[PDB]
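Quick notes on the structure that follows.
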There are 4 protein chains.
Amino acid sequence: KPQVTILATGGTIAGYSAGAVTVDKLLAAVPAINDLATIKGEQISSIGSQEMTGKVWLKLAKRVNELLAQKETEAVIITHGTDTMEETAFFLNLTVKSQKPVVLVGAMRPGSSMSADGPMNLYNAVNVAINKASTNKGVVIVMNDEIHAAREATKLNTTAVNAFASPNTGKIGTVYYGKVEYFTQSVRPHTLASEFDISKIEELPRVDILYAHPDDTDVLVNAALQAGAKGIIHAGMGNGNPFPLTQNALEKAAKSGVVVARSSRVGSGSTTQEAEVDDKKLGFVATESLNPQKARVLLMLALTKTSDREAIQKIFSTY
Amino acid sequence: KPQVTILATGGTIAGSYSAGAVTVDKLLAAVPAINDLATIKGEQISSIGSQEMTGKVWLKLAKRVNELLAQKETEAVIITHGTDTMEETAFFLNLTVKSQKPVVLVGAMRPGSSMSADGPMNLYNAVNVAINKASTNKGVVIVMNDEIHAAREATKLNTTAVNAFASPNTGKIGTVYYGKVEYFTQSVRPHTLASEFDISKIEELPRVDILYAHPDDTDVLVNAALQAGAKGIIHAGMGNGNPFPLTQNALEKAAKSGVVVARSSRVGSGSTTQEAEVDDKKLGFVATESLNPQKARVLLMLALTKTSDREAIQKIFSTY
Amino acid sequence: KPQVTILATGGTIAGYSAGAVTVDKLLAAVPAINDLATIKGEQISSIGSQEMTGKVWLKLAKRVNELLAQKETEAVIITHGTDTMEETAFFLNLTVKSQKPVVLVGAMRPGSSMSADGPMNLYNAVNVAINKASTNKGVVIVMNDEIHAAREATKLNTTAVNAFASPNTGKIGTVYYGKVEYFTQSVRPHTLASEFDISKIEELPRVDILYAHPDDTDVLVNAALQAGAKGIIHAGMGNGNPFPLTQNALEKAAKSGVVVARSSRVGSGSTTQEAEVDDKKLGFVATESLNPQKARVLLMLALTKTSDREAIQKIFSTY
Amino acid sequence: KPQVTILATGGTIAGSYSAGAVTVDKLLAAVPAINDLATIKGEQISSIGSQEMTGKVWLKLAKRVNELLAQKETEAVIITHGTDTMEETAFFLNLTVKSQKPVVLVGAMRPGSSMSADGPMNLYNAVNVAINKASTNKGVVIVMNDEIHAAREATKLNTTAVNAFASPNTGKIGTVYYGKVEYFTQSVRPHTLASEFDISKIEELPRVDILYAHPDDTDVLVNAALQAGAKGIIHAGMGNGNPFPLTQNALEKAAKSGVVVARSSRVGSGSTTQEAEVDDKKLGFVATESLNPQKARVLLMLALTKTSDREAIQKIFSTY
């Protein structure tokens with residue numbers, strides 16, 4: 001049987017020792033997985049996803065690269081809370097240097113809730129990890145019988161069991177009662193094709209996210225920059241447009257060396273280059289086909305190796 | 001024919017006798033078909049991009065729509081507006097217009113100069129919706145891409161697509177295909193005449209800030225809004241309105257200091273429920289439920305023109 | 001406590017005597033509902049939804065009107081299979097003469113499946129039935145924490161727990177862990193405002209559904225008409241367009257007195273009047289904002305009281 | 001500049017030196033911008049509405065796209081096609097074109113004469129996608145409403161909207177905004193060069209009927225298709241491909257008689273799985289999995305040009 005390691009980041013999502021007790025619990029909740037793979041488990045952290053920090057990210061990614069280097073460790077499944085699951089998977093996607101499957105799975109309902117999604121999500125995540133076709137697909141998310149590329153996925157609804165979507169593309173595969181089928185695959189660089197390496201990095205650059213609205217202000221740009229932000233993701237109106245006042249504030253901070261990346265509050269689509277705001281002239285970067293919270297993870301990583309407007313924009317037009 | 005007034009908030013959404021406003025005059029030439037259906041009056045309320053929208057433009061606009069709609073000769077009011085913030089303007093007027101006559105906001109995802117410009121058709125369909133019988137008492141509506149959306153539900157969800165507008169929580173209330181208007185549903189949430197908000201004597205809207213949550217969040221943005229004098233704050237939290245621990249304490253501090261903290265979600269749809277993870281009652285917050293951060297901000301500025309009481313404000317979010 | 005009757009149409013969807021044993025089972029699976037309402041239960045039928053017939057429909061609707069006439073019967077919940085659930089609810093919506101809530105609920109996963117949606121769907125359906133706001137909303141469907149108007153709902157996916165959508169509008173309300181919220185309501189005539197009455201009707205008119213495709217045929221029109229169809233729903237290409245050959249066949253059958261209603265295979269949108277095909281001249285009716293399977297239920301009902309092209313078209317432009 | 005050939009299957013999707021086809025000539029005048037990007041050749045393969053499409057037009061088209069793509073001077077091939085059946089044509093060529101050079105199908109939801117006609121912009125974006133580097137080896141694609149859709153996944157899902165096209169099971173593979181092409185994904189399912197289907201020596205496609213299931217279903221439509229000589233039948237069943245009992249027995253009879261019965265679903269998305277309610281193996285049916293009834297029909301006519309074997313045909317549905 002394939003050996004797989006489940007890394008728990010908090011509590012149980014679903015209902016001898018795999019290693020972590022949290023993982024032994026899940027294995028009791030779903031005795032089913034044991035006929036599928038040899039499961040070992042570790043407790044990477046003990047938090048809720050809304051408490052996650054860059055430190056936990058580094059910890060995880062580094063631990064994931066270790067596990068994946070071992071010839072007898074076929075894949076790694078990370079049980080994660082849903083709130084920030086898309087940020088962690090995206091990070092890992094640009095930071096894990098392996099062709100082996102890394103599957104993040106979670107649950108919209110407590111395991112103690114009637115009709116808890118967790119058990120089937122776990123059963124399905126495990127079948128995807130050990131599936132020959134998941135190799136080279138990059139980091140993926142398994143929720144509600146669907147398989148999403150980590151670049152494309154976002155949590156679009158607050159409570160629905162089907163809260164995960166890939167607004168710009170769509171899921172890449174499906175897994176129904178453990179049967180896995182892939183129809184597409186990402187074409188943008190991930191994992192072994194990523195230029196970022198976080199072994200040696202211990203702290204990530206500060207990057208704040210600003211939310212645009214009419215009658216906007218300049219004090220939040222100011223406070224982020226005075227608090228030491230290296231980058232600022234501006235979730236702008238429509239096609240990444242800012243209120244004239246905050247634009248002035250964003251132009252001053254870019255001259256002060258803070259990298260200002262224009263995103264959008266909108267929810268989907270690309271925040272294009274050469275639309276209404278002139279980024280070359282003002283010194284901003286356009287985040288293109290990425291939301292504010294994922295554009296931030298990219299900006300943090302970009303900042304660990306550069307701060308040139310042209311080079312960062314190239315990264316956004318690349319990943 | 002019915003008399004319709006068109007209030008221009010910026011420039012021509014279609015194309016590149018004087019109705020009253022030059023912009024309106026270029027629209028009428030842009031697509032003449034509109035003249036065979038209504039006697040149009042045009043009026044320039046402001047000349048800006050929707051990203052430059054401000055509370056004062058909002059106040060002037062509403063006050064004007066109310067003067068126009070009191071007139072028997074005026075059947076409807078169409079507002080050409082930029083897309084970026086159309087949803088906030090529409091939502092504001094919806095809790096602020098005291099008439100059941102239709103108030104229609106229309107725009108274009110592409111420049112009038114563009115090839116396959118969407119503005120002409122949206123304008124034409126918009127005149128049809130304004131003069132249709134079934135549009136009365138439906139509240140303020142947005143007409144874009146052959147669809148009719150309720151003001152409370154509409155949001156621009158894509159940066160560039162001609163079909164950028166959606167109502168994620170519900171769906172469009174009707175359709176308009178080459179002038180043919182049909183309604184299939186209607187908002188059961190109070191609006192217009194049934195709204196308790198009256199902007200008549202208001203010169204200024206209170207300041208309400210919106211903060212975007214993420215892992216490794218901070219408390220400096222909360223404090224700045226506080227110092228900058230925010231009367232209220234919308235927190236687009238993680239998942240079901242969840243704050244990062246550090247930023248929750250900062251928020252708790254602002255609520256003690258009298259700033260109204262309303263929890264929303266950066267997620268995009270769904271409700272930021274009560275009785276979820278955060279104890280709002282104990283922390284002194286208010287859950288905005290089925291509203292995105294930006295419309296939750298418009299409801300809060302309004303609420304604040306009347307009350308700062310947490311219970312009342314919660315009730316307002318649970319009603320509108 | 002409100003009294004409510006659950007009418008079972010087949011087996012258990014979820015996990016003293018309410019009446020039907022199927023209903024006693026559900027009550028054991030979800031002891032929760034018993035603090036909510038006084039439940040009585042009946043077994044209207046013992047079939048899978050793909051076996052449903054017009055006879056079962058009449059039976060149900062007639063039984064529903066009876067129950068709803070009783071002052072102490074607050075609402076009726078019908079546990080139904082998902083395949084044809086939209087056809088039954090639509091029928092009932094135009095046939096139940098009451099202002100009381102009629103809620104259809106089902107399950108995409110077996111109750112014996114891990115993460116079965118049935119228990120929470122039942123818990124939620126019961127909270128909606130007894131909710132003061134569900135009165136006058138017409139017949140509704142409760143699936144996956146959502147409330148759909150019966151006119152608008154369709155099963156859009158074969159396996160997803162979230163397979164129910166209202167493609168043209170959207171759900172009208174939500175029910176999360178029993179908390180119910182309505183945001184919209186239908187504006188098209190239902191229940192007490194419907195002109196149809198099925199007490200006295202014992203058999204419904206035959207109406208076949210044809211599927212359009214390039215290189216289409218005329219033998220299926222022919223066989224439906226020779227088999228005695230009174231109406232034929234043509235699920236056409238795009239905006240209800242037919243292949244020239246089958247159009248000829250459809251024009252001959254309309255002259256032979258079969259009512260031909262143009263719908264679409266497309267999935268959403270209105271199959272408009274005065275688009276590419278001239279219905280007046282050819283004698284067809286345009287089904288407008290309705291799919292093939294729901295346009296068929298309407299045509300059957302229209303046929304119980306008329307067969308004039310103008311009057312039927314008015315019904316399609318009405319309901 | 002790159003040389004692109006435009007094959008017109010009907011009329012002008014935009015607008016109301018000779019490229020080679022008059023229609024193509026009107027397109028070039030409709031939007032000149034296209035001439036600054038490629039040297040265009042035009043060609044009228046047929047002049048019909050897409051609802052009149054037939055198997056023979058499909059065969060001629062493919063055979064021609066293959067002659068064109070063998071030529072070194074030909075960089076891509078754009079096919080203007082009516083929307084109604086664009087998805088079947090695209091899917092056919094996708095399992096039938098032996099070249100990795102891009103094959104792009106474009107159309108318009110509105111008449112070229114219409115106000116805010118979508119055809120001009122779609123045409124322009126379509127030329128950009130055909131001449132872009134990343135389009136090679138992506139398979140046949142449809143370009144509509146600023147989006148690039150894989151042929152296997154595309155379907156017209158709304159009767160009138162300019163954004164009628166979607167890929168319900170996956171999503172668009174990329175986007176094209178004012179000529180700027182980006183790809184975010186690609187089909188992992190075999191197409192074009194990797195397809196085992198070769199139409200070169202084929203004069204006719206076998207007859208495959210599609211039946212629509214519903215409660216109180218019948219057996220007379222199954223028998224008629226049988227009598228009419230159907231070689232295969234697509235059954236758009238209820239939910240997960242479920243037939244009404246009566247019609248299942250009729251279908252079982254056709255499978256015994258050598259007609260290939262392939263179970264699909266009228267539902268609209270999802271897969272018509274195996275190991276579901278019907279025992280296909282025992283009944284002799286084939287499950288079409290993640291394919292709608294109409295594309296499942298195109299795959300089956302193809303399969304049938306090679307085999308009638310149930311196992312093989314199932315494998316083909318499980319692969320493409």
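By convention in this document, the chains of the structure tokens carry letters A, B, ... by their order, each chain's residues are numbered from 1, and ligands are numbered from 1 in the order they are shown.
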
Quick one: superpose chain C onto chain A using all C-alpha atoms paired in order, least squares, and give it to me as a compact mmCIF listing (two decimals) with C-alpha atoms, in the first residue's frame.
```
# COMPACT_ATOMS: atom_id res chain seq x y z
CA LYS C 1 0.00 0.00 0.00
CA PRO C 2 1.17 3.57 -0.66
CA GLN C 3 2.44 5.31 2.42
CA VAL C 4 1.02 8.78 2.95
CA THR C 5 1.46 11.28 5.77
CA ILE C 6 -1.37 13.47 6.98
CA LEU C 7 -0.17 16.65 8.53
CA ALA C 8 -2.83 18.14 10.85
CA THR C 9 -2.83 21.91 11.25
CA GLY C 10 -5.47 22.12 13.93
CA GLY C 11 -8.28 19.82 15.02
CA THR C 12 -10.16 16.92 13.48
CA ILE C 13 -12.22 17.76 10.37
CA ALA C 14 -13.85 14.32 10.01
CA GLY C 15 -15.72 12.42 12.70
CA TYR C 16 -1.85 1.58 16.73
CA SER C 17 -0.93 5.17 16.00
CA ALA C 18 -0.50 7.04 12.77
CA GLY C 19 1.55 9.43 14.88
CA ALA C 20 -0.53 12.45 15.77
CA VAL C 21 -3.62 11.68 17.82
CA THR C 22 -5.66 14.06 15.75
CA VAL C 23 -4.82 11.73 12.86
CA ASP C 24 -5.71 8.62 14.85
CA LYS C 25 -9.14 10.17 15.44
CA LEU C 26 -9.73 10.75 11.77
CA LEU C 27 -8.64 7.16 11.06
CA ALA C 28 -11.29 5.95 13.50
CA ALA C 29 -13.87 8.30 11.94
CA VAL C 30 -12.95 6.88 8.52
CA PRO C 31 -11.53 3.36 9.00
CA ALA C 32 -11.98 3.29 5.23
CA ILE C 33 -8.71 5.03 4.39
CA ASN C 34 -6.69 2.20 6.01
CA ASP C 35 -7.46 -0.19 3.13
CA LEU C 36 -6.28 2.54 0.80
CA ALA C 37 -2.93 3.57 2.24
CA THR C 38 -0.45 3.23 5.07
CA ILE C 39 -1.17 6.37 7.05
CA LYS C 40 1.29 8.13 9.35
CA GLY C 41 0.36 11.47 10.86
CA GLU C 42 1.98 14.56 12.32
CA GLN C 43 0.68 17.63 14.09
CA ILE C 44 2.26 20.58 12.25
CA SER C 45 0.26 23.09 14.25
CA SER C 46 -2.68 23.37 16.59
CA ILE C 47 -4.63 26.38 15.34
CA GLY C 48 -7.67 27.52 13.44
CA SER C 49 -6.99 28.66 9.91
CA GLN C 50 -7.88 32.30 10.71
CA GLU C 51 -4.90 32.43 13.11
CA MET C 52 -2.36 31.18 10.52
CA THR C 53 0.88 33.10 10.14
CA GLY C 54 3.84 33.05 7.69
CA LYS C 55 5.87 31.15 10.36
CA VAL C 56 3.42 28.23 10.20
CA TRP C 57 3.63 28.40 6.39
CA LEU C 58 7.47 28.08 6.33
CA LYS C 59 7.26 25.33 8.91
CA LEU C 60 4.73 23.40 6.83
CA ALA C 61 6.38 23.88 3.41
CA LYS C 62 9.80 22.94 4.80
CA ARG C 63 8.29 19.88 6.49
CA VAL C 64 6.47 18.99 3.25
CA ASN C 65 9.65 19.10 1.19
CA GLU C 66 11.32 16.83 3.74
CA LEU C 67 8.58 14.22 3.68
CA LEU C 68 8.37 14.27 -0.12
CA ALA C 69 12.12 13.64 -0.49
CA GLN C 70 11.68 10.23 1.13
CA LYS C 71 11.24 7.48 -1.48
CA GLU C 72 8.59 5.72 0.54
CA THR C 73 6.36 8.74 1.20
CA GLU C 74 4.03 8.87 -1.85
CA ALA C 75 2.04 12.02 -1.03
CA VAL C 76 1.11 14.34 1.73
CA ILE C 77 -2.37 15.38 2.79
CA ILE C 78 -2.78 18.49 4.94
CA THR C 79 -6.09 18.70 6.85
CA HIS C 80 -6.59 22.49 7.04
CA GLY C 81 -9.36 24.82 8.16
CA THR C 82 -11.31 26.40 5.28
CA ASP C 83 -10.97 30.18 5.96
CA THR C 84 -7.40 30.57 4.78
CA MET C 85 -6.98 27.20 3.01
CA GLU C 86 -6.48 28.92 -0.42
CA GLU C 87 -3.52 31.04 0.89
CA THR C 88 -1.70 28.04 2.37
CA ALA C 89 -2.17 25.91 -0.78
CA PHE C 90 -1.06 28.73 -3.01
CA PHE C 91 2.08 29.26 -0.89
CA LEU C 92 2.90 25.58 -0.92
CA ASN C 93 2.28 25.47 -4.68
CA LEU C 94 5.15 27.91 -5.33
CA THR C 95 7.33 26.53 -2.60
CA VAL C 96 7.15 22.68 -2.63
CA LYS C 97 9.86 21.20 -4.84
CA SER C 98 8.43 17.85 -5.75
CA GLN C 99 6.26 16.18 -8.35
CA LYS C 100 4.41 14.19 -5.65
CA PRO C 101 0.80 15.09 -4.81
CA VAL C 102 0.16 17.51 -1.96
CA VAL C 103 -3.59 17.52 -1.23
CA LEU C 104 -5.21 20.02 1.17
CA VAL C 105 -8.64 18.90 2.48
CA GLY C 106 -11.03 20.46 5.04
CA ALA C 107 -14.65 20.70 6.12
CA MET C 108 -17.33 23.39 5.97
CA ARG C 109 -19.34 21.63 8.71
CA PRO C 110 -18.15 20.39 12.15
CA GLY C 111 -17.55 16.68 12.21
CA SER C 112 -19.98 16.56 15.08
CA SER C 113 -22.64 18.17 12.82
CA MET C 114 -25.20 16.02 11.18
CA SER C 115 -24.30 15.60 7.51
CA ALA C 116 -20.62 16.65 8.22
CA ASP C 117 -18.77 16.96 4.89
CA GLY C 118 -15.43 16.08 6.50
CA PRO C 119 -15.57 12.28 6.32
CA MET C 120 -16.24 12.08 2.62
CA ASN C 121 -13.84 14.95 1.91
CA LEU C 122 -11.08 12.94 3.74
CA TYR C 123 -11.95 9.69 2.01
CA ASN C 124 -11.80 11.50 -1.28
CA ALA C 125 -8.59 13.50 -0.51
CA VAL C 126 -6.82 10.19 0.29
CA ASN C 127 -7.93 8.61 -3.01
CA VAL C 128 -6.62 11.67 -4.92
CA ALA C 129 -3.20 11.65 -3.12
CA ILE C 130 -2.60 8.05 -4.07
CA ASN C 131 -3.94 8.51 -7.59
CA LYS C 132 -1.39 8.08 -10.36
CA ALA C 133 -2.91 10.97 -12.27
CA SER C 134 -2.42 13.54 -9.45
CA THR C 135 1.31 13.38 -9.95
CA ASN C 136 2.69 16.62 -11.50
CA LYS C 137 -0.64 18.46 -11.05
CA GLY C 138 0.83 20.77 -8.40
CA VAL C 139 -0.79 21.37 -5.04
CA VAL C 140 -4.55 20.72 -5.15
CA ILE C 141 -7.61 21.21 -2.94
CA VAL C 142 -10.21 18.47 -2.42
CA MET C 143 -13.63 19.67 -1.31
CA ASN C 144 -17.14 18.54 -2.15
CA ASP C 145 -16.15 15.80 -4.65
CA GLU C 146 -14.06 18.35 -6.61
CA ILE C 147 -10.36 18.87 -7.35
CA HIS C 148 -9.15 22.50 -7.69
CA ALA C 149 -5.71 23.77 -8.73
CA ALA C 150 -4.23 25.75 -5.83
CA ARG C 151 -3.58 28.78 -8.08
CA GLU C 152 -7.25 29.04 -9.07
CA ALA C 153 -9.14 28.11 -5.89
CA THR C 154 -10.87 30.50 -3.47
CA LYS C 155 -13.48 30.10 -0.73
CA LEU C 156 -16.41 32.03 -2.35
CA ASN C 157 -19.20 31.47 0.23
CA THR C 158 -19.26 31.72 3.99
CA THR C 159 -21.25 28.56 4.89
CA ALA C 160 -22.02 26.36 1.90
CA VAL C 161 -20.49 22.89 1.78
CA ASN C 162 -19.69 23.79 -1.83
CA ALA C 163 -18.00 27.06 -0.83
CA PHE C 164 -14.86 26.29 -2.93
CA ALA C 165 -14.69 27.51 -6.49
CA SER C 166 -12.05 28.37 -9.11
CA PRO C 167 -13.87 31.50 -10.33
CA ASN C 168 -11.56 32.09 -13.31
CA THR C 169 -11.26 28.53 -14.58
CA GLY C 170 -13.14 25.78 -12.79
CA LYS C 171 -12.17 22.61 -10.92
CA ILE C 172 -9.60 20.44 -12.77
CA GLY C 173 -10.97 17.09 -11.76
CA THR C 174 -13.67 15.31 -9.75
CA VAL C 175 -13.57 12.48 -7.21
CA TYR C 176 -16.82 10.73 -6.59
CA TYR C 177 -16.81 8.13 -3.85
CA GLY C 178 -13.04 7.84 -4.37
CA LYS C 179 -13.08 7.59 -8.18
CA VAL C 180 -10.78 10.35 -9.51
CA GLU C 181 -10.93 12.00 -12.93
CA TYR C 182 -8.89 14.98 -14.17
CA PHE C 183 -10.11 16.93 -17.19
CA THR C 184 -7.65 19.84 -17.18
CA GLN C 185 -4.37 20.89 -15.62
CA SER C 186 -2.72 24.23 -14.84
CA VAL C 187 -0.50 25.81 -17.43
CA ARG C 188 1.03 28.42 -15.13
CA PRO C 189 4.34 27.43 -13.36
CA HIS C 190 4.21 25.53 -10.03
CA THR C 191 6.34 23.46 -7.65
CA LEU C 192 9.53 22.18 -9.36
CA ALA C 193 9.08 24.91 -11.98
CA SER C 194 8.89 27.69 -9.40
CA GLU C 195 11.89 29.99 -8.90
CA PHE C 196 11.17 30.46 -5.15
CA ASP C 197 12.95 28.54 -2.41
CA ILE C 198 12.17 29.04 1.24
CA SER C 199 14.77 26.85 2.94
CA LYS C 200 17.00 29.57 4.50
CA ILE C 201 14.02 32.07 4.76
CA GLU C 202 12.66 32.33 8.33
CA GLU C 203 10.41 35.36 8.15
CA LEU C 204 8.32 36.69 5.28
CA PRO C 205 8.04 40.41 4.28
CA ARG C 206 5.06 42.42 5.56
CA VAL C 207 2.38 43.07 2.88
CA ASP C 208 -0.92 44.73 3.78
CA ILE C 209 -4.20 44.53 1.89
CA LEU C 210 -6.26 47.67 1.33
CA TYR C 211 -9.98 47.66 0.36
CA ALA C 212 -11.23 50.25 -2.14
CA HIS C 213 -14.55 52.16 -1.93
CA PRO C 214 -15.88 55.56 -3.10
CA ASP C 215 -15.00 58.36 -0.73
CA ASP C 216 -11.84 56.38 0.04
CA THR C 217 -9.03 57.49 2.41
CA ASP C 218 -5.25 57.93 2.48
CA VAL C 219 -4.66 57.05 6.14
CA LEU C 220 -4.56 53.31 5.67
CA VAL C 221 -1.79 53.51 3.05
CA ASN C 222 0.04 55.80 5.50
CA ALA C 223 -0.40 53.48 8.53
CA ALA C 224 0.70 50.38 6.58
CA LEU C 225 3.83 52.16 5.32
CA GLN C 226 4.60 53.65 8.76
CA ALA C 227 4.13 50.12 10.21
CA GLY C 228 6.81 48.84 7.82
CA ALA C 229 4.94 47.22 4.97
CA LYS C 230 7.19 46.18 2.10
CA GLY C 231 4.26 45.64 -0.19
CA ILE C 232 0.61 46.67 -0.30
CA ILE C 233 -2.12 44.83 -2.23
CA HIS C 234 -4.75 47.38 -3.18
CA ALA C 235 -8.11 45.56 -3.74
CA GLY C 236 -9.44 48.17 -6.11
CA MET C 237 -12.84 49.12 -7.64
CA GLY C 238 -13.68 47.28 -10.81
CA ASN C 239 -10.55 46.79 -12.88
CA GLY C 240 -8.26 47.61 -9.96
CA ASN C 241 -9.11 51.29 -9.87
CA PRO C 242 -8.46 53.50 -6.90
CA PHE C 243 -10.14 56.55 -5.48
CA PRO C 244 -8.07 59.60 -6.53
CA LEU C 245 -7.03 60.37 -2.93
CA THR C 246 -5.71 56.94 -2.15
CA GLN C 247 -3.99 56.86 -5.53
CA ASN C 248 -1.89 59.85 -4.44
CA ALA C 249 -1.16 58.08 -1.23
CA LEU C 250 -0.21 54.92 -3.19
CA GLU C 251 2.06 56.88 -5.55
CA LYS C 252 3.96 58.43 -2.58
CA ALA C 253 4.48 55.03 -0.94
CA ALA C 254 5.81 53.47 -4.12
CA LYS C 255 8.41 56.24 -4.32
CA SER C 256 9.21 55.55 -0.68
CA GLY C 257 10.06 52.03 -1.93
CA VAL C 258 6.89 50.07 -0.87
CA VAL C 259 5.82 47.80 -3.71
CA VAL C 260 2.16 48.66 -4.65
CA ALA C 261 0.37 45.87 -6.52
CA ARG C 262 -3.06 46.68 -7.94
CA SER C 263 -5.67 43.97 -7.43
CA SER C 264 -9.53 44.12 -7.23
CA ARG C 265 -12.35 43.76 -4.63
CA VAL C 266 -14.54 42.45 -7.48
CA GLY C 267 -13.91 38.73 -7.02
CA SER C 268 -12.85 37.43 -10.44
CA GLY C 269 -11.17 38.38 -13.66
CA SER C 270 -7.75 39.89 -14.33
CA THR C 271 -6.69 43.32 -13.02
CA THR C 272 -5.07 44.26 -16.27
CA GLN C 273 -2.04 46.21 -17.21
CA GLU C 274 -2.72 49.29 -19.30
CA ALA C 275 -6.39 49.79 -18.44
CA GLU C 276 -7.23 53.01 -16.56
CA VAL C 277 -4.21 53.37 -14.31
CA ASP C 278 -0.68 53.81 -15.70
CA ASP C 279 1.46 51.54 -13.57
CA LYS C 280 4.74 52.30 -15.31
CA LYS C 281 4.37 56.03 -14.70
CA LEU C 282 3.09 55.65 -11.13
CA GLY C 283 5.23 52.67 -10.18
CA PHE C 284 2.59 50.08 -9.41
CA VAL C 285 2.38 46.48 -10.53
CA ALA C 286 -0.79 44.83 -11.88
CA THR C 287 -1.65 41.56 -10.15
CA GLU C 288 -3.50 40.22 -13.19
CA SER C 289 -5.52 37.04 -12.77
CA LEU C 290 -5.30 36.81 -9.01
CA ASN C 291 -7.38 37.88 -6.01
CA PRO C 292 -6.08 40.14 -3.18
CA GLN C 293 -5.28 37.42 -0.74
CA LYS C 294 -3.42 35.23 -3.22
CA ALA C 295 -1.71 38.20 -4.88
CA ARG C 296 -0.39 38.98 -1.35
CA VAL C 297 1.23 35.53 -0.90
CA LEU C 298 2.96 36.07 -4.31
CA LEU C 299 4.12 39.58 -3.39
CA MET C 300 5.60 38.31 -0.08
CA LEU C 301 7.53 35.63 -2.00
CA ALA C 302 8.55 38.09 -4.74
CA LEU C 303 9.85 40.41 -2.04
CA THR C 304 12.18 37.74 -0.63
CA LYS C 305 14.23 38.09 -3.82
CA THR C 306 13.64 41.46 -5.40
CA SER C 307 11.90 44.78 -5.31
CA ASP C 308 12.20 46.02 -8.87
CA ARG C 309 8.83 47.04 -10.37
CA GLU C 310 9.67 45.44 -13.71
CA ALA C 311 10.81 42.12 -12.18
CA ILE C 312 7.87 41.86 -9.86
CA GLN C 313 5.37 42.59 -12.68
CA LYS C 314 7.06 39.82 -14.68
CA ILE C 315 6.42 37.46 -11.80
CA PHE C 316 2.71 38.42 -11.75
CA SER C 317 2.55 37.89 -15.49
CA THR C 318 4.25 34.55 -14.93
CA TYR C 319 2.77 32.62 -11.97
```

Next item on the list: Enumerate, as a ChimeraX atom specification, the complete set of residues in region 190-307 of chain B that a backbone-based DSSP assignment places in strand (DSSP E or B).
Entry: /B:208-212,232-238,242,260-265,272,285-287,289

Next item on the list: May I ask you to extract the residues of chain B within 12 Å of chain C, using only C-alpha atoms, and to give them as JSON, numbers by chain?
Entry: {"B": [134, 135, 138, 146, 147, 148, 149, 150, 152, 153, 166, 167, 168, 169, 170, 171, 172, 173, 174, 175, 176, 177, 178, 180, 181, 182, 183, 184, 185, 186, 187, 188, 189, 190, 270, 271, 272, 273, 274, 275, 276, 289, 290, 291, 318, 319, 320]}

Item checked: Within 9 Å of chain D: residues of chain B, using only C-alpha atoms, as a ChimeraX atom specification -> /B:31,115-122,145-146,160-163,177

Note to self: Need to verify the contact set: region 87-100 of chain D, 8 Å, only C-alpha atoms, exclusion of same-chain residues closer than 2 positions in sequence. Can you return it as a PyMOL selection string?
What the structure shows: chain D and resi 58+62+65-66+69-70+83-85+102+105+136-142+151-152+154-156+191-193+195-199+294-295+298-299

Next item on the list: Fewer than 3 positions away in the same chain doesn't count, so skip those; otherwise give me all residues within 10 Å of residue 245 (chain B), counting only C-alpha atoms, as a VMD selection string.
Entry: (chain A and resid 50 to 52) or (chain B and resid 215 to 219 242 248 to 251)

If you keep C-alpha atoms, can you produce a file of those selected residues as a CSV table (one decimal), in the first residue's frame?
```
chain,number,residue,atom,x,y,z
A,50,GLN,CA,-7.9,32.3,10.7
A,51,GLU,CA,-4.9,32.4,13.1
A,52,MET,CA,-2.4,31.2,10.5
B,215,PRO,CA,-3.5,35.5,8.1
B,216,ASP,CA,-0.8,37.4,10.0
B,217,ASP,CA,-3.2,40.4,10.1
B,218,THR,CA,-2.5,43.6,12.0
B,219,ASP,CA,-4.0,46.1,14.4
B,242,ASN,CA,-13.6,35.6,11.2
B,248,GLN,CA,-9.9,41.1,16.9
B,249,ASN,CA,-8.6,42.7,20.1
B,250,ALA,CA,-7.9,45.9,18.2
B,251,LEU,CA,-11.6,45.7,16.9
```

Checklist line | Nearby residues (only C-alpha atoms) at most 8 Å from residue 208 (chain B), same-chain spacing under 3 positions excluded, as a PyMOL selection string | finding: chain B and resi 230-234+297+300-301
